[PDB]
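Pasting coords-v9.pdb here (PDB, C-alpha atoms (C1' of nucleotides)):
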```pdb
ATOM      1  CA  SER A 151      54.264-142.348 -22.712
ATOM      2  CA  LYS A 152      57.649-142.466 -20.988
ATOM      3  CA  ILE A 153      58.198-146.122 -21.900
ATOM      4  CA  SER A 154      57.585-145.353 -25.527
ATOM      5  CA  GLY A 155      60.380-146.512 -27.759
ATOM      6  CA  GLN A 156      61.487-149.043 -30.290
ATOM      7  CA  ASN A 157      60.920-152.775 -29.964
ATOM      8  CA  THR A 158      58.849-152.342 -26.814
ATOM      9  CA  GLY A 159      55.194-153.163 -27.490
ATOM     10  CA  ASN A 160      54.580-156.569 -25.934
ATOM     11  CA  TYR A 161      56.266-155.137 -22.858
ATOM     12  CA  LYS A 162      54.059-152.006 -22.999
ATOM     13  CA  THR A 163      50.883-154.096 -23.362
ATOM     14  CA  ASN A 164      52.008-156.350 -20.464
ATOM     15  CA  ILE A 165      52.539-153.246 -18.274
ATOM     16  CA  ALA A 166      49.148-151.967 -19.362
ATOM     17  CA  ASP A 167      47.366-155.294 -18.592
ATOM     18  CA  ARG A 168      49.066-155.445 -15.195
ATOM     19  CA  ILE A 169      48.027-151.819 -14.583
ATOM     20  CA  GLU A 170      44.434-152.651 -15.525
ATOM     21  CA  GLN A 171      44.389-155.684 -13.206
ATOM     22  CA  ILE A 172      45.500-153.556 -10.226
ATOM     23  CA  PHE A 173      42.872-150.920 -10.929
ATOM     24  CA  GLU A 174      40.030-153.337 -11.820
ATOM     25  CA  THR A 175      40.556-155.337  -8.546
ATOM     26  CA  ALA A 176      39.766-154.164  -5.000
ATOM     27  CA  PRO A 177      40.392-151.577  -3.446
ATOM     28  CA  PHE A 178      39.853-150.334  -7.022
ATOM     29  CA  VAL A 179      36.714-150.830  -9.150
ATOM     30  CA  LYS A 180      36.519-151.858 -12.816
ATOM     31  CA  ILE A 181      35.450-148.715 -14.683
ATOM     32  CA  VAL A 182      37.204-149.038 -18.029
ATOM     33  CA  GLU A 183      36.708-152.697 -18.976
ATOM     34  CA  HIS A 184      39.727-154.090 -20.918
ATOM     35  CA  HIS A 185      42.127-152.670 -23.532
ATOM     36  CA  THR A 186      40.772-149.115 -23.067
ATOM     37  CA  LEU A 187      44.030-148.050 -21.423
ATOM     38  CA  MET A 188      46.041-149.121 -24.505
ATOM     39  CA  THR A 189      43.748-147.166 -26.874
ATOM     40  CA  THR A 190      43.937-143.957 -24.782
ATOM     41  CA  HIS A 191      47.750-144.362 -24.619
ATOM     42  CA  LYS A 192      47.860-144.550 -28.441
ATOM     43  CA  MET A 193      46.206-141.100 -28.579
ATOM     44  CA  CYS A 194      48.166-139.889 -25.496
ATOM     45  CA  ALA A 195      51.591-141.234 -26.454
ATOM     46  CA  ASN A 196      53.573-138.040 -25.855
ATOM     47  CA  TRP A 197      51.602-136.951 -22.785
ATOM     48  CA  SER A 198      54.800-137.352 -20.696
ATOM     49  CA  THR A 199      56.247-134.157 -22.279
ATOM     50  CA  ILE A 200      53.457-132.000 -20.734
ATOM     51  CA  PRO A 201      54.977-130.319 -17.645
ATOM     52  CA  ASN A 202      51.921-130.090 -15.423
ATOM     53  CA  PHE A 203      51.003-133.742 -16.014
ATOM     54  CA  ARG A 204      54.563-134.773 -15.072
ATOM     55  CA  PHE A 205      54.447-132.429 -12.103
ATOM     56  CA  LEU A 206      51.265-134.095 -10.805
ATOM     57  CA  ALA A 207      52.719-137.628 -11.149
ATOM     58  CA  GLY A 208      55.788-136.501  -9.219
ATOM     59  CA  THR A 209      53.563-135.050  -6.492
ATOM     60  CA  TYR A 210      51.513-138.251  -6.121
ATOM     61  CA  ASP A 211      54.652-140.377  -6.182
ATOM     62  CA  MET A 212      56.238-138.375  -3.312
ATOM     63  CA  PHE A 213      53.079-138.633  -1.182
ATOM     64  CA  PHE A 214      52.681-142.412  -1.715
ATOM     65  CA  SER A 215      56.370-143.098  -0.882
ATOM     66  CA  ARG A 216      56.235-141.467   2.566
ATOM     67  CA  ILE A 217      52.595-142.258   3.435
ATOM     68  CA  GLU A 218      50.983-145.667   3.021
ATOM     69  CA  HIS A 219      47.447-145.526   1.654
ATOM     70  CA  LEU A 220      44.725-147.906   0.508
ATOM     71  CA  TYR A 221      45.088-146.550  -3.036
ATOM     72  CA  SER A 222      48.872-146.346  -2.860
ATOM     73  CA  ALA A 223      48.849-148.770  -5.819
ATOM     74  CA  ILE A 224      48.330-145.666  -8.004
ATOM     75  CA  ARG A 225      52.093-145.327  -7.523
ATOM     76  CA  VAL A 226      52.518-147.956 -10.254
ATOM     77  CA  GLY A 227      51.991-145.160 -12.750
ATOM     78  CA  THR A 228      54.229-142.714 -10.857
ATOM     79  CA  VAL A 229      57.156-145.002  -9.901
ATOM     80  CA  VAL A 230      59.111-143.813 -12.968
ATOM     81  CA  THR A 231      59.264-140.220 -11.649
ATOM     82  CA  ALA A 232      61.429-141.362  -8.732
ATOM     83  CA  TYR A 233      65.102-140.623  -9.452
ATOM     84  CA  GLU A 234      64.109-139.482 -12.939
ATOM     85  CA  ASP A 235      67.004-138.496 -15.211
ATOM     86  CA  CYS A 236      69.540-139.516 -12.586
ATOM     87  CA  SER A 237      70.610-142.847 -14.148
ATOM     88  CA  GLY A 238      74.232-141.849 -13.972
ATOM     89  CA  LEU A 239      74.074-141.335 -10.223
ATOM     90  CA  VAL A 240      71.919-144.452  -9.603
ATOM     91  CA  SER A 241      74.275-146.548 -11.720
ATOM     92  CA  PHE A 242      77.148-145.307  -9.553
ATOM     93  CA  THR A 243      75.548-146.345  -6.259
ATOM     94  CA  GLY A 244      74.691-149.802  -7.603
ATOM     95  CA  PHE A 245      78.185-150.262  -9.005
ATOM     96  CA  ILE A 246      79.522-149.491  -5.534
ATOM     97  CA  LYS A 247      77.266-152.098  -3.928
ATOM     98  CA  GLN A 248      77.941-154.796  -6.579
ATOM     99  CA  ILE A 249      81.713-154.290  -6.412
ATOM    100  CA  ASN A 250      81.685-154.315  -2.573
ATOM    101  CA  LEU A 251      83.723-151.082  -2.248
ATOM    102  CA  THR A 252      83.119-147.665  -0.701
ATOM    103  CA  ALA A 253      82.267-144.787  -3.026
ATOM    104  CA  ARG A 254      85.696-143.267  -2.388
ATOM    105  CA  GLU A 255      87.560-146.537  -2.918
ATOM    106  CA  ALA A 256      85.835-146.975  -6.280
ATOM    107  CA  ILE A 257      86.776-143.539  -7.597
ATOM    108  CA  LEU A 258      90.453-144.414  -6.908
ATOM    109  CA  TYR A 259      90.061-147.137  -9.562
ATOM    110  CA  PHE A 260      88.868-144.502 -12.127
ATOM    111  CA  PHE A 261      92.228-143.878 -13.802
ATOM    112  CA  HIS A 262      91.406-141.235 -16.380
ATOM    113  CA  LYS A 263      91.461-137.496 -16.899
ATOM    114  CA  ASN A 264      87.959-137.377 -18.387
ATOM    115  CA  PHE A 265      86.341-138.619 -15.172
ATOM    116  CA  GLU A 266      87.327-135.482 -13.209
ATOM    117  CA  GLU A 267      84.737-133.076 -14.561
ATOM    118  CA  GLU A 268      82.074-135.757 -14.177
ATOM    119  CA  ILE A 269      83.019-136.745 -10.604
ATOM    120  CA  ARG A 270      82.861-133.082  -9.606
ATOM    121  CA  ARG A 271      79.512-132.645 -11.383
ATOM    122  CA  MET A 272      77.737-135.632  -9.787
ATOM    123  CA  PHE A 273      79.004-135.153  -6.214
ATOM    124  CA  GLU A 274      78.238-131.442  -5.985
ATOM    125  CA  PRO A 275      77.280-130.538  -2.403
ATOM    126  CA  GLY A 276      73.952-129.057  -1.439
ATOM    127  CA  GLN A 277      71.805-131.760  -3.022
ATOM    128  CA  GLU A 278      69.934-134.043  -0.589
ATOM    129  CA  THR A 279      71.120-137.306  -2.185
ATOM    130  CA  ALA A 280      71.487-138.963   1.230
ATOM    131  CA  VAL A 281      68.087-137.846   2.624
ATOM    132  CA  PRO A 282      65.566-140.730   2.359
ATOM    133  CA  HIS A 283      62.532-138.651   1.383
ATOM    134  CA  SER A 284      63.392-135.382  -0.274
ATOM    135  CA  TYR A 285      62.465-133.239  -3.200
ATOM    136  CA  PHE A 286      65.659-134.488  -4.898
ATOM    137  CA  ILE A 287      64.226-137.933  -5.814
ATOM    138  CA  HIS A 288      61.453-136.210  -7.810
ATOM    139  CA  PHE A 289      63.186-132.934  -8.644
ATOM    140  CA  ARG A 290      63.218-133.666 -12.373
ATOM    141  CA  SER A 291      59.444-134.340 -12.484
ATOM    142  CA  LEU A 292      58.674-131.215 -10.387
ATOM    143  CA  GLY A 293      60.305-127.806 -10.922
ATOM    144  CA  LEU A 294      63.747-126.428  -9.990
ATOM    145  CA  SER A 295      65.571-129.019 -12.121
ATOM    146  CA  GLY A 296      66.607-127.963 -15.633
ATOM    147  CA  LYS A 297      68.856-130.544 -17.236
ATOM    148  CA  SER A 298      69.909-133.085 -14.651
ATOM    149  CA  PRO A 299      73.671-133.195 -13.983
ATOM    150  CA  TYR A 300      73.166-136.831 -12.885
ATOM    151  CA  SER A 301      71.783-138.055 -16.245
ATOM    152  CA  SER A 302      73.696-140.879 -17.918
ATOM    153  CA  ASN A 303      74.664-138.538 -20.704
ATOM    154  CA  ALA A 304      76.108-135.880 -18.348
ATOM    155  CA  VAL A 305      78.197-138.441 -16.472
ATOM    156  CA  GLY A 306      78.821-140.492 -19.629
ATOM    157  CA  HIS A 307      82.424-141.542 -19.046
ATOM    158  CA  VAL A 308      81.611-142.883 -15.591
ATOM    159  CA  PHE A 309      78.385-144.484 -16.815
ATOM    160  CA  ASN A 310      80.187-146.343 -19.622
ATOM    161  CA  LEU A 311      82.909-147.572 -17.287
ATOM    162  CA  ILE A 312      80.364-148.820 -14.789
ATOM    163  CA  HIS A 313      78.508-150.815 -17.368
ATOM    164  CA  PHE A 314      81.487-152.159 -19.192
ATOM    165  CA  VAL A 315      82.571-153.559 -15.835
ATOM    166  CA  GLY A 316      79.067-154.906 -15.341
ATOM    167  CA  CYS A 317      79.105-156.629 -18.710
ATOM    168  CA  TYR A 318      82.437-158.154 -17.751
ATOM    169  CA  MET A 319      80.652-159.447 -14.657
ATOM    170  CA  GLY A 320      77.630-160.533 -16.733
ATOM    171  CA  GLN A 321      75.086-158.184 -15.201
ATOM    172  CA  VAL A 322      72.085-158.196 -17.518
ATOM    173  CA  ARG A 323      71.203-154.618 -16.588
ATOM    174  CA  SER A 324      74.451-153.350 -18.037
ATOM    175  CA  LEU A 325      74.163-155.537 -21.134
ATOM    176  CA  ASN A 326      70.890-153.765 -21.972
ATOM    177  CA  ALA A 327      71.910-150.219 -21.013
ATOM    178  CA  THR A 328      72.437-147.894 -23.991
ATOM    179  CA  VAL A 329      76.038-146.775 -24.279
ATOM    180  CA  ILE A 330      76.850-143.091 -24.318
ATOM    181  CA  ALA A 331      78.601-142.901 -27.691
ATOM    182  CA  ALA A 332      80.090-139.437 -27.231
ATOM    183  CA  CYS A 333      82.043-140.344 -24.033
ATOM    184  CA  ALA A 334      85.003-142.343 -25.379
ATOM    185  CA  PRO A 335      83.477-145.854 -25.068
ATOM    186  CA  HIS A 336      86.477-147.706 -26.453
ATOM    187  CA  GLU A 337      88.894-146.381 -23.868
ATOM    188  CA  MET A 338      86.236-146.917 -21.218
ATOM    189  CA  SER A 339      85.754-150.502 -22.365
ATOM    190  CA  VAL A 340      89.481-151.119 -21.946
ATOM    191  CA  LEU A 341      89.554-149.695 -18.443
ATOM    192  CA  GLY A 342      86.379-151.629 -17.776
ATOM    193  CA  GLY A 343      88.121-154.796 -18.896
ATOM    194  CA  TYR A 344      90.884-154.404 -16.311
ATOM    195  CA  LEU A 345      88.503-153.390 -13.516
ATOM    196  CA  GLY A 346      86.144-156.217 -14.315
ATOM    197  CA  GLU A 347      89.052-158.665 -14.415
ATOM    198  CA  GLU A 348      89.974-157.495 -10.920
ATOM    199  CA  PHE A 349      86.433-157.773  -9.562
ATOM    200  CA  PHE A 350      85.065-160.883 -11.346
TER     201      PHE A 350
ATOM    202  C1'   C B   1      71.845-192.165 -82.724
ATOM    203  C1'   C B   2      78.019-187.928 -89.281
ATOM    204  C1'   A B   3      77.125-184.916 -93.358
ATOM    205  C1'   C B   4      72.375-179.651 -98.334
ATOM    206  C1'   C B   5      76.287-176.700-101.236
ATOM    207  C1'   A B   6      79.202-173.741 -98.145
ATOM    208  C1'   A B   7      80.407-170.476 -95.056
ATOM    209  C1'   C B   8      81.488-172.317 -90.482
ATOM    210  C1'   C B   9      82.089-167.363 -82.469
ATOM    211  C1'   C B  10      74.185-168.907 -80.916
ATOM    212  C1'   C B  11      80.912-161.942 -83.991
ATOM    213  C1'   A B  12      80.202-157.381 -86.237
ATOM    214  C1'   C B  13      75.364-150.179 -88.803
ATOM    215  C1'   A B  14      77.594-146.175 -86.853
ATOM    216  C1'   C B  15      78.621-143.900 -82.105
ATOM    217  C1'   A B  16      79.743-146.120 -78.005
ATOM    218  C1'   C B  17      80.574-148.848 -73.861
ATOM    219  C1'   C B  18      80.068-148.898 -64.717
ATOM    220  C1'   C B  19      72.785-152.190 -65.220
ATOM    221  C1'   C B  20      77.904-143.934 -63.168
ATOM    222  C1'   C B  21      76.181-139.419 -62.763
ATOM    223  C1'   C B  22      70.358-132.578 -62.284
ATOM    224  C1'   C B  23      72.199-129.942 -58.218
ATOM    225  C1'   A B  24      72.971-129.614 -52.674
ATOM    226  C1'   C B  25      74.362-134.063 -50.763
ATOM    227  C1'   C B  26      75.680-138.534 -48.577
ATOM    228  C1'   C B  27      74.876-142.850 -40.711
ATOM    229  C1'   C B  28      67.739-146.250 -43.819
ATOM    230  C1'   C B  29      71.716-140.141 -37.382
ATOM    231  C1'   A B  30      69.662-136.313 -34.584
ATOM    232  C1'   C B  31      62.881-131.957 -31.115
ATOM    233  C1'   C B  32      63.544-131.754 -25.894
ATOM    234  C1'   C B  33      64.064-134.741 -21.709
ATOM    235  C1'   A B  34      65.816-139.367 -21.697
ATOM    236  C1'   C B  35      68.058-143.942 -22.326
ATOM    237  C1'   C B  36      67.703-151.901 -18.080
ATOM    238  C1'   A B  37      61.702-154.178 -23.924
ATOM    239  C1'   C B  38      63.840-152.256 -14.019
ATOM    240  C1'   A B  39      60.536-151.098 -10.579
ATOM    241  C1'   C B  40      53.538-149.407  -5.844
ATOM    242  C1'   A B  41      54.719-150.820  -1.293
ATOM    243  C1'   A B  42      55.099-155.205   1.484
ATOM    244  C1'   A B  43      57.818-158.811  -0.366
ATOM    245  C1'   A B  44      59.765-162.805  -3.281
ATOM    246  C1'   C B  45      60.881-171.861  -3.554
ATOM    247  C1'   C B  46      55.125-171.242  -9.422
ATOM    248  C1'   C B  47      57.047-173.740  -0.332
ATOM    249  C1'   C B  48      53.691-175.122   3.673
ATOM    250  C1'   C B  49      46.302-176.961   7.536
ATOM    251  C1'   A B  50      47.031-181.045  10.242
ATOM    252  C1'   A B  51      48.339-186.116  10.001
ATOM    253  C1'   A B  52      51.516-187.759   6.602
ATOM    254  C1'   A B  53      54.410-189.640   2.128
ATOM    255  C1'   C B  54      56.644-197.064  -2.258
ATOM    256  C1'   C B  55      51.204-194.073  -8.032
ATOM    257  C1'   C B  56      53.086-200.885  -1.233
ATOM    258  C1'   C B  57      49.754-204.184   1.269
ATOM    259  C1'   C B  58      42.365-208.545   2.725
ATOM    260  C1'   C B  59      43.569-213.566   2.921
ATOM    261  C1'   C B  60      45.533-217.638   0.349
ATOM    262  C1'   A B  61      49.281-216.996  -2.356
ATOM    263  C1'   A B  62      52.588-216.171  -6.310
ATOM    264  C1'   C B  63      56.390-219.966 -13.787
ATOM    265  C1'   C B  64      50.719-215.247 -18.181
ATOM    266  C1'   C B  65      53.205-224.104 -14.789
ATOM    267  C1'   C B  66      50.324-228.822 -14.967
ATOM    268  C1'   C B  67      43.932-233.176 -17.094
ATOM    269  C1'   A B  68      45.554-237.776 -19.225
ATOM    270  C1'   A B  69      48.339-239.855 -22.940
ATOM    271  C1'   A B  70      51.830-237.234 -25.295
ATOM    272  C1'   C B  71      55.621-233.791 -27.588
ATOM    273  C1'   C B  72      59.638-232.492 -35.591
ATOM    274  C1'   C B  73      53.880-227.327 -37.046
ATOM    275  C1'   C B  74      57.618-236.113 -39.322
ATOM    276  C1'   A B  75      55.558-239.900 -41.857
ATOM    277  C1'   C B  76      49.709-243.709 -47.290
ATOM    278  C1'   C B  77      52.297-245.301 -51.408
ATOM    279  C1'   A B  78      55.535-243.693 -55.042
ATOM    280  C1'   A B  79      58.779-239.867 -54.854
ATOM    281  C1'   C B  80      61.817-236.016 -54.363
ATOM    282  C1'   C B  81      66.472-229.697 -59.409
ATOM    283  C1'   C B  82      59.945-224.659 -57.506
ATOM    284  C1'   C B  83      64.609-229.906 -64.315
ATOM    285  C1'   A B  84      63.131-231.768 -68.832
ATOM    286  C1'   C B  85      58.229-232.113 -76.118
ATOM    287  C1'   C B  86      61.572-233.121 -79.710
ATOM    288  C1'   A B  87      65.041-230.686 -82.498
ATOM    289  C1'   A B  88      68.490-227.733 -79.302
ATOM    290  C1'   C B  89      69.632-222.571 -78.246
ATOM    291  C1'   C B  90      73.473-215.175 -78.807
ATOM    292  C1'   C B  91      66.428-212.460 -76.710
ATOM    293  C1'   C B  92      72.722-213.813 -83.972
ATOM    294  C1'   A B  93      72.146-213.466 -89.490
ATOM    295  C1'   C B  94      67.662-211.242 -96.621
ATOM    296  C1'   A B  95      70.634-208.566 -99.199
ATOM    297  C1'   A B  96      73.457-203.916 -98.940
ATOM    298  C1'   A B  97      75.462-201.969 -94.748
ATOM    299  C1'   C B  98      77.097-199.912 -90.063
ATOM    300  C1'   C B  99      80.108-191.119 -86.838
TER     301        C B  99
END
```
What's the structure tokens form of this structure?
Amino acid sequence: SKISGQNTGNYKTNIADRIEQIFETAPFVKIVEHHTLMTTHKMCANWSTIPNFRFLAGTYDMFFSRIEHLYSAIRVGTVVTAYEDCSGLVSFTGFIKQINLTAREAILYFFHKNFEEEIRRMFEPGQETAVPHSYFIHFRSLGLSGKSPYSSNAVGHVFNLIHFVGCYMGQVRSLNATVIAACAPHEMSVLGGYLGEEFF
RNA sequence: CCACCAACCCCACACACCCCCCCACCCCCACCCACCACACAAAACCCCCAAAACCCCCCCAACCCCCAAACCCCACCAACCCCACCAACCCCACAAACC
């Protein structure tokens, strides 16, 4: 339900067939034959909106991350809950690692007024970003979340700069990320051009 | 592959004349959350038992050379334009003609 969107399809069926293979092979037993998962998804396409269902996937995902189990492969369904709605923050950490700079050093290269509100929003203290296993990685799936201040849209200026730099460096992930249109993409693309020129 | 007289735009009722228009309108934009057609982990050469590695090898050998006599896919003779009936020739001509 989460991966529902335009032009997917063959990708969604491939994920479904892979999911069926995991669960029809040991330690799992074949109970649904083939293509049943796709037909139930067609009737359960928006089931991701339902809060308790999302809450339960987040719960299972947290347990399987810390504790190895025989049926830990159930996590294939729940992997998406991890760091949900925090693409802005995750994009920032990867940008740091790809560029080979420290978080601080990178923000020095962010030469624009718009970034300030966003940098303050995403680095707000009190959130266990550094802790390896914490409620933070699944906070969006579980309660106490609201709208995530780490979503690509909330940190749009920074997100666009990161990925314009990535496109300059040819990273396929950035080429396929969806640009935040509201957050001044043209100016960001220019700054991204200079930064990418420096780092490529 | 000119020609019926005559007329000689495959012009022309009037009104007309964007294959414009009801209004509000006017991204084939927009629920939210989102936003790599990323992702279980472990891990990632569609690498790997060893012993090995010319899709090399019995030997004799090694022109898909050889009976011999031979060797133009030459030769009876007469010949030798895939010339020739003569009359002779524009696949010219009744006359009147000849977009």
Chain and number of each residue from the PyMOL selection byres ((chain A) within 6 of (chain B)), as a PDB file with C-alpha atoms, in the coordinates of the input:
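Result saved to out_17.pdb:
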```pdb
ATOM      1  CA  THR A 158      58.849-152.342 -26.814  1.00  0.00           C
ATOM      2  CA  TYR A 161      56.266-155.137 -22.858  1.00  0.00           C
ATOM      3  CA  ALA A 223      48.849-148.770  -5.819  1.00  0.00           C
ATOM      4  CA  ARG A 225      52.093-145.327  -7.523  1.00  0.00           C
ATOM      5  CA  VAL A 226      52.518-147.956 -10.254  1.00  0.00           C
ATOM      6  CA  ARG A 323      71.203-154.618 -16.588  1.00  0.00           C
ATOM      7  CA  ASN A 326      70.890-153.765 -21.972  1.00  0.00           C
ATOM      8  CA  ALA A 327      71.910-150.219 -21.013  1.00  0.00           C
TER       9      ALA A 327
END
```
Can you list what the PyMOL selection byres ((chain A and resi 190-199) around 10) grabs from this structure, as a VMD selection string?
(chain A and resid 151 to 154 166 185 to 189 200 to 205 207 291) or (chain B and resid 32 to 33)
Would you kindly return, as a PDB file with C-alpha atoms (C1' of nucleotides), in the coordinates of the input, each protein, DNA or RNA residue with an atom no farther than 12 Å from any atom of residue 309 (chain A), considering only C-alpha atoms (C1' of nucleotides) and excluding same-chain residues fewer than 2 positions away?
```pdb
ATOM      1  CA  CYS A 236      69.540-139.516 -12.586  1.00  0.00           C
ATOM      2  CA  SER A 237      70.610-142.847 -14.148  1.00  0.00           C
ATOM      3  CA  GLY A 238      74.232-141.849 -13.972  1.00  0.00           C
ATOM      4  CA  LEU A 239      74.074-141.335 -10.223  1.00  0.00           C
ATOM      5  CA  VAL A 240      71.919-144.452  -9.603  1.00  0.00           C
ATOM      6  CA  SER A 241      74.275-146.548 -11.720  1.00  0.00           C
ATOM      7  CA  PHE A 242      77.148-145.307  -9.553  1.00  0.00           C
ATOM      8  CA  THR A 243      75.548-146.345  -6.259  1.00  0.00           C
ATOM      9  CA  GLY A 244      74.691-149.802  -7.603  1.00  0.00           C
ATOM     10  CA  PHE A 245      78.185-150.262  -9.005  1.00  0.00           C
ATOM     11  CA  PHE A 260      88.868-144.502 -12.127  1.00  0.00           C
ATOM     12  CA  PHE A 265      86.341-138.619 -15.172  1.00  0.00           C
ATOM     13  CA  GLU A 268      82.074-135.757 -14.177  1.00  0.00           C
ATOM     14  CA  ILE A 269      83.019-136.745 -10.604  1.00  0.00           C
ATOM     15  CA  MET A 272      77.737-135.632  -9.787  1.00  0.00           C
ATOM     16  CA  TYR A 300      73.166-136.831 -12.885  1.00  0.00           C
ATOM     17  CA  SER A 301      71.783-138.055 -16.245  1.00  0.00           C
ATOM     18  CA  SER A 302      73.696-140.879 -17.918  1.00  0.00           C
ATOM     19  CA  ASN A 303      74.664-138.538 -20.704  1.00  0.00           C
ATOM     20  CA  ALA A 304      76.108-135.880 -18.348  1.00  0.00           C
ATOM     21  CA  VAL A 305      78.197-138.441 -16.472  1.00  0.00           C
ATOM     22  CA  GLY A 306      78.821-140.492 -19.629  1.00  0.00           C
ATOM     23  CA  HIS A 307      82.424-141.542 -19.046  1.00  0.00           C
ATOM     24  CA  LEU A 311      82.909-147.572 -17.287  1.00  0.00           C
ATOM     25  CA  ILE A 312      80.364-148.820 -14.789  1.00  0.00           C
ATOM     26  CA  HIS A 313      78.508-150.815 -17.368  1.00  0.00           C
ATOM     27  CA  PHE A 314      81.487-152.159 -19.192  1.00  0.00           C
ATOM     28  CA  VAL A 315      82.571-153.559 -15.835  1.00  0.00           C
ATOM     29  CA  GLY A 316      79.067-154.906 -15.341  1.00  0.00           C
ATOM     30  CA  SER A 324      74.451-153.350 -18.037  1.00  0.00           C
ATOM     31  CA  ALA A 327      71.910-150.219 -21.013  1.00  0.00           C
ATOM     32  CA  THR A 328      72.437-147.894 -23.991  1.00  0.00           C
ATOM     33  CA  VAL A 329      76.038-146.775 -24.279  1.00  0.00           C
ATOM     34  CA  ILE A 330      76.850-143.091 -24.318  1.00  0.00           C
ATOM     35  CA  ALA A 331      78.601-142.901 -27.691  1.00  0.00           C
ATOM     36  CA  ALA A 332      80.090-139.437 -27.231  1.00  0.00           C
ATOM     37  CA  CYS A 333      82.043-140.344 -24.033  1.00  0.00           C
ATOM     38  CA  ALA A 334      85.003-142.343 -25.379  1.00  0.00           C
ATOM     39  CA  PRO A 335      83.477-145.854 -25.068  1.00  0.00           C
ATOM     40  CA  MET A 338      86.236-146.917 -21.218  1.00  0.00           C
ATOM     41  CA  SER A 339      85.754-150.502 -22.365  1.00  0.00           C
ATOM     42  CA  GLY A 342      86.379-151.629 -17.776  1.00  0.00           C
TER      43      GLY A 342
ATOM     44  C1'   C B  35      68.058-143.942 -22.326  1.00  0.00           C
TER      45        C B  35
END
```
With the input short on atoms, add N, CA, C and O atoms back to region 297-308 of chain A and write it as an mmCIF file, in the coordinates of the input.
```cif
data_model
loop_
_atom_site.group_PDB
_atom_site.id
_atom_site.type_symbol
_atom_site.label_atom_id
_atom_site.label_comp_id
_atom_site.auth_asym_id
_atom_site.auth_seq_id
_atom_site.Cartn_x
_atom_site.Cartn_y
_atom_site.Cartn_z
ATOM 1 N N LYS A 297 68.268 -129.290 -16.802
ATOM 2 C CA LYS A 297 68.856 -130.544 -17.236
ATOM 3 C C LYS A 297 69.531 -131.138 -16.017
ATOM 4 O O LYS A 297 70.167 -130.412 -15.242
ATOM 5 N N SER A 298 69.390 -132.432 -15.846
ATOM 6 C CA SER A 298 69.909 -133.085 -14.651
ATOM 7 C C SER A 298 71.405 -133.324 -14.823
ATOM 8 O O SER A 298 71.825 -133.877 -15.848
ATOM 9 N N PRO A 299 72.238 -132.918 -13.863
ATOM 10 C CA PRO A 299 73.671 -133.195 -13.983
ATOM 11 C C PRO A 299 74.013 -134.633 -13.660
ATOM 12 O O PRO A 299 75.183 -135.009 -13.803
ATOM 13 N N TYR A 300 73.019 -135.426 -13.248
ATOM 14 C CA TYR A 300 73.166 -136.831 -12.885
ATOM 15 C C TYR A 300 72.660 -137.782 -13.977
ATOM 16 O O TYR A 300 72.621 -139.007 -13.767
ATOM 17 N N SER A 301 72.266 -137.246 -15.134
ATOM 18 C CA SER A 301 71.783 -138.055 -16.245
ATOM 19 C C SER A 301 72.934 -138.855 -16.835
ATOM 20 O O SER A 301 74.072 -138.385 -16.867
ATOM 21 N N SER A 302 72.619 -140.018 -17.423
ATOM 22 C CA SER A 302 73.696 -140.879 -17.918
ATOM 23 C C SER A 302 74.537 -140.146 -18.931
ATOM 24 O O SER A 302 75.733 -140.414 -19.071
ATOM 25 N N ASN A 303 73.911 -139.250 -19.688
ATOM 26 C CA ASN A 303 74.664 -138.538 -20.704
ATOM 27 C C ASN A 303 75.634 -137.539 -20.059
ATOM 28 O O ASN A 303 76.781 -137.421 -20.500
ATOM 29 N N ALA A 304 75.217 -136.845 -18.990
ATOM 30 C CA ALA A 304 76.108 -135.880 -18.348
ATOM 31 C C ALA A 304 77.299 -136.573 -17.692
ATOM 32 O O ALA A 304 78.409 -136.028 -17.659
ATOM 33 N N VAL A 305 77.110 -137.770 -17.173
ATOM 34 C CA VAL A 305 78.197 -138.441 -16.472
ATOM 35 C C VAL A 305 78.580 -139.659 -17.319
ATOM 36 O O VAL A 305 78.830 -140.761 -16.806
ATOM 37 N N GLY A 306 78.669 -139.420 -18.643
ATOM 38 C CA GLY A 306 78.821 -140.492 -19.629
ATOM 39 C C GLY A 306 80.055 -141.363 -19.465
ATOM 40 O O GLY A 306 79.986 -142.585 -19.623
ATOM 41 N N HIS A 307 81.205 -140.756 -19.198
ATOM 42 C CA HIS A 307 82.424 -141.542 -19.046
ATOM 43 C C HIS A 307 82.297 -142.525 -17.894
ATOM 44 O O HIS A 307 82.628 -143.713 -18.024
ATOM 45 N N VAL A 308 81.787 -142.038 -16.762
ATOM 46 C CA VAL A 308 81.611 -142.883 -15.591
ATOM 47 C C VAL A 308 80.548 -143.944 -15.852
ATOM 48 O O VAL A 308 80.652 -145.085 -15.378
#
```
